[PDB]
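Numbering (the authors' numbering), first residue to last: 1 to 100.
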């Protein structure tokens, strides 16, 4: 059965322009995960997303949660400067051979 090893879940509340999403991942996961994760729920590219609001200055994706020892209730926020604003429909912006 399930015994011996235990993993504490962390509720990371990511406040994004669109809305606040709840994230749950063991402390074993890498800080970078939270990023790619938010994409599986917000469908947003980690590239356009900028993880911020850490515990100490700026944390590197090469760091693990268990390292920072985040509290039970966590609150983060994403900032997409490049990515355009959330709009139902728009006209401005045509497609044509051109790098992104």
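C-beta atoms are modelled at their ideal positions from N, C-alpha and C, and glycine is treated no differently.
Listed as beta-bridge partners of residue 66 by DSSP are no residues whatsoever.
Sorting 77, 31 and 11 by C-alpha distance to the C-alpha of residue 66 places 31 at the top.
The C-alpha of residue 76 is placed about 7 Å away from the C-alpha of residue 52. When C-alpha distances from residue 61 are compared across 47, 1, 96 and 5, the shortest belongs to 47.
Measuring C-alpha to C-alpha distances from residue 12 to each of 71, 40 and 6 identifies 71 as the nearest. For residue 81, the closest C-alpha among the options 33, 44 and 22 is that of 44. For residue 31, the enclosing alpha helix (DSSP H) stretches over residues 31-42. Here the C-alpha atom of residue 49 lies approximately 7 Å from the C-alpha atom of residue 35. By the Cβ-count criterion, residue 38 is buried, with 16 or more other Cβ atoms from all chains shown falling within 10 Å of its own Cβ.
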